[PDB]
Amino acid sequence: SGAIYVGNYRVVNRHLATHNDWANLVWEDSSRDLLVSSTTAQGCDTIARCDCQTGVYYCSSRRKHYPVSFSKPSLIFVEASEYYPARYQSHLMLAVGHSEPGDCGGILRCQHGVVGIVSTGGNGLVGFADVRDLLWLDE
Ligand SMILES: COc1ccc(S(C)(=O)=O)cc1NC(=O)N1CCC[C@H](C(N)=O)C1
Ligand SMILES: [Zn+2]
């Protein structure tokens with residue numbers, strides 16, 4: 001679990017969005033596993049606007065932060081789950097690191113701010129949904 005809070009927006013994994021997120025929907029994209037909902041309270045997370053390929057992510061299944069080197073956002077094949085059929089997920093960045101399904105939502109950050117959130121994983125792999133291209137999150 002986990003979300004990004006910026007301006008009057010809440011960014012979460014689409015597969016973990018609540019009834020309240022859908023009732024206050026701003027934008028969603030199944031191909032990216034992202035959903036954005038509106039908030040009444042102001043948020044203070046900063047979104048990175050950069051091309052960093054290194055950062056630190058929060059891993060809730062270990063209660064720890066780990067440094068990672070990750071690939072540039074791309075279309076990556078993701079096996080079927082209870083949430084989606086087998087498909088290419090877009091804007092996904094992979095790295096070597098520990099992740100379990102419940103780790104989705106953990107923030108990936110570089111020195112410029114929030115890069116994305118955990119969205120996929122594998123055996124010794126962790127995948128992050130990029131949010132740096134969503135320029136409208138800042139206006
Ligand atoms: C952090 O997630 C995992 C971590 C580890 C593994 S495993 C035990 O196969 O190594 C599997 C996963 N599960 C995972 O990638 N997804 C399930 C939830 C929806 C995700 C999506 N964006 O399509 C896909
Ligand atoms: Zn950066």
# chains A, B, ... in the order shown; residues from 1 in each chain; ligands from 1
$ closest_atom_pairs --of "chain A" --to "ligand 1" --cutoff "8 Å" --atoms "only C-alpha atoms and all ligand atoms" --output "tab-separated table"
residue	atom	partner	partner_atom_place_in_ligand_line	distance
A:13	CA	ligand 1	22 (N)	7.6
A:15	CA	ligand 1	19 (C)	6.5
A:32	CA	ligand 1	22 (N)	7.5
A:33	CA	ligand 1	22 (N)	5.3
A:78	CA	ligand 1	23 (O)	6.0
A:79	CA	ligand 1	24 (C)	7.1
A:80	CA	ligand 1	23 (O)	7.3
A:81	CA	ligand 1	17 (C)	5.6
A:82	CA	ligand 1	18 (C)	7.5
A:83	CA	ligand 1	19 (C)	6.1
A:84	CA	ligand 1	23 (O)	6.1
A:89	CA	ligand 1	23 (O)	7.0
A:98	CA	ligand 1	4 (C)	7.8
A:99	CA	ligand 1	4 (C)	4.7
A:100	CA	ligand 1	4 (C)	3.9
A:101	CA	ligand 1	2 (O)	3.7
A:102	CA	ligand 1	1 (C)	6.5
A:103	CA	ligand 1	1 (C)	5.5
A:104	CA	ligand 1	1 (C)	5.4
A:118	CA	ligand 1	1 (C)	6.5
A:119	CA	ligand 1	22 (N)	4.6
A:120	CA	ligand 1	15 (O)	3.2
A:121	CA	ligand 1	4 (C)	3.3
A:122	CA	ligand 1	10 (O)	3.3
A:123	CA	ligand 1	10 (O)	4.2
A:124	CA	ligand 1	10 (O)	7.0
A:125	CA	ligand 1	10 (O)	7.1
A:126	CA	ligand 1	1 (C)	6.2
A:127	CA	ligand 1	1 (C)	7.0
$ select_by_dssp --residues "segment 25-62 of chain A" --states "strand (DSSP E)" --output "list in words"
residues 25, 26, 27, 28, 29, 34, 35, 36, 37, 38, 39, 40, 41, 42, 43, 44, 54, 55, 56, 57, 58 and 59 of chain A
$ write_last_selection --atoms "N, CA and C atoms" --output "PDB file, in the first residue's frame"
ATOM      1  N   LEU A  25     -12.522  10.627  -8.976  1.00  0.00           N
ATOM      2  CA  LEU A  25     -11.591  10.344 -10.066  1.00  0.00           C
ATOM      3  C   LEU A  25     -11.181  11.567 -10.882  1.00  0.00           C
ATOM      4  N   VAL A  26      -9.865  11.736 -11.099  1.00  0.00           N
ATOM      5  CA  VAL A  26      -9.323  12.770 -11.968  1.00  0.00           C
ATOM      6  C   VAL A  26      -8.842  12.127 -13.285  1.00  0.00           C
ATOM      7  N   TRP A  27      -8.067  11.051 -13.173  1.00  0.00           N
ATOM      8  CA  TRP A  27      -7.503  10.355 -14.334  1.00  0.00           C
ATOM      9  C   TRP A  27      -7.102   8.941 -13.936  1.00  0.00           C
ATOM     10  N   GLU A  28      -7.268   7.972 -14.830  1.00  0.00           N
ATOM     11  CA  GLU A  28      -6.777   6.604 -14.568  1.00  0.00           C
ATOM     12  C   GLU A  28      -6.282   5.957 -15.866  1.00  0.00           C
ATOM     13  N   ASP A  29      -5.316   5.045 -15.774  1.00  0.00           N
ATOM     14  CA  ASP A  29      -4.802   4.368 -16.968  1.00  0.00           C
ATOM     15  C   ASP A  29      -4.441   2.936 -16.590  1.00  0.00           C
ATOM     16  N   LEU A  34      -2.051   3.166 -12.963  1.00  0.00           N
ATOM     17  CA  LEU A  34      -2.130   4.401 -12.156  1.00  0.00           C
ATOM     18  C   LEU A  34      -3.538   4.953 -12.080  1.00  0.00           C
ATOM     19  N   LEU A  35      -3.848   5.578 -10.962  1.00  0.00           N
ATOM     20  CA  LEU A  35      -5.130   6.259 -10.758  1.00  0.00           C
ATOM     21  C   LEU A  35      -4.814   7.492  -9.940  1.00  0.00           C
ATOM     22  N   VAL A  36      -5.460   8.588 -10.275  1.00  0.00           N
ATOM     23  CA  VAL A  36      -5.302   9.854  -9.550  1.00  0.00           C
ATOM     24  C   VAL A  36      -6.694  10.324  -9.133  1.00  0.00           C
ATOM     25  N   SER A  37      -6.858  10.660  -7.862  1.00  0.00           N
ATOM     26  CA  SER A  37      -8.125  11.145  -7.320  1.00  0.00           C
ATOM     27  C   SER A  37      -7.919  12.531  -6.679  1.00  0.00           C
ATOM     28  N   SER A  38      -8.998  13.311  -6.528  1.00  0.00           N
ATOM     29  CA  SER A  38      -8.878  14.652  -5.943  1.00  0.00           C
ATOM     30  C   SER A  38      -8.939  14.615  -4.422  1.00  0.00           C
ATOM     31  N   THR A  39      -8.290  15.573  -3.754  1.00  0.00           N
ATOM     32  CA  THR A  39      -8.323  15.653  -2.289  1.00  0.00           C
ATOM     33  C   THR A  39      -8.810  17.042  -1.856  1.00  0.00           C
ATOM     34  N   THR A  40      -9.354  17.146  -0.639  1.00  0.00           N
ATOM     35  CA  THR A  40      -9.778  18.431  -0.084  1.00  0.00           C
ATOM     36  C   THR A  40      -8.603  19.111   0.658  1.00  0.00           C
ATOM     37  N   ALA A  41      -7.697  18.319   1.225  1.00  0.00           N
ATOM     38  CA  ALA A  41      -6.525  18.819   1.928  1.00  0.00           C
ATOM     39  C   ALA A  41      -5.366  18.951   0.936  1.00  0.00           C
ATOM     40  N   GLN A  42      -4.523  19.925   1.161  1.00  0.00           N
ATOM     41  CA  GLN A  42      -3.376  20.193   0.316  1.00  0.00           C
ATOM     42  C   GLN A  42      -2.268  19.195   0.635  1.00  0.00           C
ATOM     43  N   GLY A  43      -1.618  18.655  -0.403  1.00  0.00           N
ATOM     44  CA  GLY A  43      -0.488  17.736  -0.274  1.00  0.00           C
ATOM     45  C   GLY A  43       0.845  18.458  -0.427  1.00  0.00           C
ATOM     46  N   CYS A  44       1.966  17.856   0.033  1.00  0.00           N
ATOM     47  CA  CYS A  44       3.258  18.538  -0.036  1.00  0.00           C
ATOM     48  C   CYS A  44       4.395  17.725  -0.647  1.00  0.00           C
ATOM     49  N   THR A  54      18.898   6.352 -10.918  1.00  0.00           N
ATOM     50  CA  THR A  54      19.245   5.820  -9.601  1.00  0.00           C
ATOM     51  C   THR A  54      18.340   6.556  -8.566  1.00  0.00           C
ATOM     52  N   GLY A  55      18.035   5.872  -7.486  1.00  0.00           N
ATOM     53  CA  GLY A  55      17.206   6.443  -6.434  1.00  0.00           C
ATOM     54  C   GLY A  55      17.108   5.501  -5.255  1.00  0.00           C
ATOM     55  N   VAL A  56      16.156   5.773  -4.354  1.00  0.00           N
ATOM     56  CA  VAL A  56      15.905   4.962  -3.168  1.00  0.00           C
ATOM     57  C   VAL A  56      14.411   4.660  -3.085  1.00  0.00           C
ATOM     58  N   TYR A  57      14.035   3.393  -2.804  1.00  0.00           N
ATOM     59  CA  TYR A  57      12.604   3.078  -2.654  1.00  0.00           C
ATOM     60  C   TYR A  57      12.270   2.504  -1.284  1.00  0.00           C
ATOM     61  N   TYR A  58      11.005   2.647  -0.874  1.00  0.00           N
ATOM     62  CA  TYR A  58      10.577   2.074   0.383  1.00  0.00           C
ATOM     63  C   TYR A  58       9.982   0.694   0.135  1.00  0.00           C
ATOM     64  N   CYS A  59      10.472  -0.291   0.878  1.00  0.00           N
ATOM     65  CA  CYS A  59      10.035  -1.680   0.792  1.00  0.00           C
ATOM     66  C   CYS A  59       9.316  -2.040   2.111  1.00  0.00           C
TER      67      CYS A  59
END
$ closest_residue --among "A:31, A:61, A:46, A:1" --to "residue 86 of chain A" --atoms "only C-alpha atoms"
A:31
$ atom_distance --atom1 "atom CA of residue 5 of chain A" --atom2 "atom CA of residue 107 of chain A"
10.9 Å
$ residues_near_ligand --ligand "ligand 2" --cutoff "8 Å" --atoms "only C-alpha atoms and all ligand atoms" --output "PyMOL selection string"
chain A and resi 48-55+109-113+115
$ atom_distance --atom1 "atom CA of residue 21 of chain A" --atom2 "atom CA of residue 3 of chain A"
11.3 Å
$ residues_around --residues "residue 75 of chain A" --least-positions-apart "3" --cutoff "9 Å" --atoms "only C-alpha atoms" --output "VMD selection string"
chain A and resid 88 to 93
$ decode --residues "segment 35-127 of chain A" --atoms "C-alpha atoms" --output "PDB file, in the first residue's frame"
ATOM      1  CA  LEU A  35      -5.130   6.259 -10.758  1.00  0.00           C
ATOM      2  CA  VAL A  36      -5.302   9.854  -9.550  1.00  0.00           C
ATOM      3  CA  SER A  37      -8.125  11.145  -7.320  1.00  0.00           C
ATOM      4  CA  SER A  38      -8.878  14.652  -5.943  1.00  0.00           C
ATOM      5  CA  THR A  39      -8.323  15.653  -2.289  1.00  0.00           C
ATOM      6  CA  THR A  40      -9.778  18.431  -0.084  1.00  0.00           C
ATOM      7  CA  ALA A  41      -6.525  18.819   1.928  1.00  0.00           C
ATOM      8  CA  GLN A  42      -3.376  20.193   0.316  1.00  0.00           C
ATOM      9  CA  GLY A  43      -0.488  17.736  -0.274  1.00  0.00           C
ATOM     10  CA  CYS A  44       3.258  18.538  -0.036  1.00  0.00           C
ATOM     11  CA  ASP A  45       5.190  15.827  -1.970  1.00  0.00           C
ATOM     12  CA  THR A  46       7.443  17.206  -4.743  1.00  0.00           C
ATOM     13  CA  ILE A  47       7.454  15.395  -8.126  1.00  0.00           C
ATOM     14  CA  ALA A  48      10.900  14.928  -9.759  1.00  0.00           C
ATOM     15  CA  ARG A  49      11.193  16.358 -13.296  1.00  0.00           C
ATOM     16  CA  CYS A  50      14.420  14.650 -14.345  1.00  0.00           C
ATOM     17  CA  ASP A  51      16.063  11.721 -16.131  1.00  0.00           C
ATOM     18  CA  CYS A  52      17.645  10.086 -13.007  1.00  0.00           C
ATOM     19  CA  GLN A  53      18.180   6.306 -13.312  1.00  0.00           C
ATOM     20  CA  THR A  54      19.245   5.820  -9.601  1.00  0.00           C
ATOM     21  CA  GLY A  55      17.206   6.443  -6.434  1.00  0.00           C
ATOM     22  CA  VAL A  56      15.905   4.962  -3.168  1.00  0.00           C
ATOM     23  CA  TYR A  57      12.604   3.078  -2.654  1.00  0.00           C
ATOM     24  CA  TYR A  58      10.577   2.074   0.383  1.00  0.00           C
ATOM     25  CA  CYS A  59      10.035  -1.680   0.792  1.00  0.00           C
ATOM     26  CA  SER A  60       7.224  -2.319   3.334  1.00  0.00           C
ATOM     27  CA  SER A  61       7.827  -6.149   3.414  1.00  0.00           C
ATOM     28  CA  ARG A  62      11.261  -5.320   4.951  1.00  0.00           C
ATOM     29  CA  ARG A  63      10.372  -1.966   6.733  1.00  0.00           C
ATOM     30  CA  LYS A  64      13.423  -0.542   4.948  1.00  0.00           C
ATOM     31  CA  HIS A  65      14.590   1.761   2.191  1.00  0.00           C
ATOM     32  CA  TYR A  66      16.973   0.370  -0.483  1.00  0.00           C
ATOM     33  CA  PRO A  67      19.054   2.110  -3.195  1.00  0.00           C
ATOM     34  CA  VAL A  68      18.280   1.024  -6.806  1.00  0.00           C
ATOM     35  CA  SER A  69      19.502   1.494 -10.380  1.00  0.00           C
ATOM     36  CA  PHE A  70      16.419   1.323 -12.675  1.00  0.00           C
ATOM     37  CA  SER A  71      15.701   1.166 -16.415  1.00  0.00           C
ATOM     38  CA  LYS A  72      14.124   4.065 -18.328  1.00  0.00           C
ATOM     39  CA  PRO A  73      10.263   3.994 -18.526  1.00  0.00           C
ATOM     40  CA  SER A  74       9.217   1.346 -21.110  1.00  0.00           C
ATOM     41  CA  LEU A  75       6.549  -1.251 -22.214  1.00  0.00           C
ATOM     42  CA  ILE A  76       7.182  -4.433 -20.198  1.00  0.00           C
ATOM     43  CA  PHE A  77       5.280  -7.743 -20.310  1.00  0.00           C
ATOM     44  CA  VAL A  78       3.505  -8.462 -16.979  1.00  0.00           C
ATOM     45  CA  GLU A  79       2.060 -11.934 -16.170  1.00  0.00           C
ATOM     46  CA  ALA A  80      -1.691 -12.250 -15.444  1.00  0.00           C
ATOM     47  CA  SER A  81      -2.789 -11.464 -11.834  1.00  0.00           C
ATOM     48  CA  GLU A  82      -6.237 -11.329 -10.117  1.00  0.00           C
ATOM     49  CA  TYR A  83      -6.321  -7.603 -11.173  1.00  0.00           C
ATOM     50  CA  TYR A  84      -5.302  -7.726 -14.849  1.00  0.00           C
ATOM     51  CA  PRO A  85      -4.927 -10.210 -17.702  1.00  0.00           C
ATOM     52  CA  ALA A  86      -1.400 -10.831 -19.132  1.00  0.00           C
ATOM     53  CA  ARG A  87      -0.434  -7.556 -20.901  1.00  0.00           C
ATOM     54  CA  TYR A  88       2.271  -4.953 -21.585  1.00  0.00           C
ATOM     55  CA  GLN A  89       2.354  -2.361 -18.822  1.00  0.00           C
ATOM     56  CA  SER A  90       3.677   1.022 -20.139  1.00  0.00           C
ATOM     57  CA  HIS A  91       5.893   3.632 -18.384  1.00  0.00           C
ATOM     58  CA  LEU A  92       7.375   0.824 -16.155  1.00  0.00           C
ATOM     59  CA  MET A  93      10.962   0.918 -14.812  1.00  0.00           C
ATOM     60  CA  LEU A  94      12.652  -2.322 -13.522  1.00  0.00           C
ATOM     61  CA  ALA A  95      15.399  -2.710 -10.975  1.00  0.00           C
ATOM     62  CA  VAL A  96      17.056  -5.496  -8.974  1.00  0.00           C
ATOM     63  CA  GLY A  97      15.657  -5.428  -5.414  1.00  0.00           C
ATOM     64  CA  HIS A  98      13.225  -7.191  -3.083  1.00  0.00           C
ATOM     65  CA  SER A  99       9.479  -6.800  -3.544  1.00  0.00           C
ATOM     66  CA  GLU A 100       6.271  -8.717  -2.606  1.00  0.00           C
ATOM     67  CA  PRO A 101       2.721  -7.905  -3.961  1.00  0.00           C
ATOM     68  CA  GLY A 102       1.808  -5.839  -0.871  1.00  0.00           C
ATOM     69  CA  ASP A 103       4.842  -3.582  -1.518  1.00  0.00           C
ATOM     70  CA  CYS A 104       2.887  -1.765  -4.318  1.00  0.00           C
ATOM     71  CA  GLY A 105       2.546   1.966  -3.480  1.00  0.00           C
ATOM     72  CA  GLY A 106       6.015   2.335  -1.908  1.00  0.00           C
ATOM     73  CA  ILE A 107       7.661   5.563  -3.125  1.00  0.00           C
ATOM     74  CA  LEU A 108      10.817   5.672  -5.347  1.00  0.00           C
ATOM     75  CA  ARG A 109      12.685   9.015  -4.874  1.00  0.00           C
ATOM     76  CA  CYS A 110      15.812  10.617  -6.304  1.00  0.00           C
ATOM     77  CA  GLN A 111      17.493  13.943  -5.121  1.00  0.00           C
ATOM     78  CA  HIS A 112      14.875  15.902  -7.197  1.00  0.00           C
ATOM     79  CA  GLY A 113      11.789  14.360  -5.577  1.00  0.00           C
ATOM     80  CA  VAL A 114       9.247  11.606  -6.171  1.00  0.00           C
ATOM     81  CA  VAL A 115       9.948   9.460  -9.271  1.00  0.00           C
ATOM     82  CA  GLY A 116       7.174   6.858  -9.017  1.00  0.00           C
ATOM     83  CA  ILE A 117       5.660   4.023  -6.990  1.00  0.00           C
ATOM     84  CA  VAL A 118       6.204   0.239  -6.757  1.00  0.00           C
ATOM     85  CA  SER A 119       3.790  -1.433  -9.206  1.00  0.00           C
ATOM     86  CA  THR A 120       5.291  -4.868 -10.148  1.00  0.00           C
ATOM     87  CA  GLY A 121       7.954  -7.372  -9.033  1.00  0.00           C
ATOM     88  CA  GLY A 122       9.666 -10.642  -9.647  1.00  0.00           C
ATOM     89  CA  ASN A 123      12.266 -12.962  -8.188  1.00  0.00           C
ATOM     90  CA  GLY A 124      14.851 -10.417  -7.051  1.00  0.00           C
ATOM     91  CA  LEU A 125      13.081  -7.718  -9.183  1.00  0.00           C
ATOM     92  CA  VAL A 126      10.995  -4.604  -8.395  1.00  0.00           C
ATOM     93  CA  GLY A 127       9.140  -2.471 -10.967  1.00  0.00           C
TER      94      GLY A 127
END
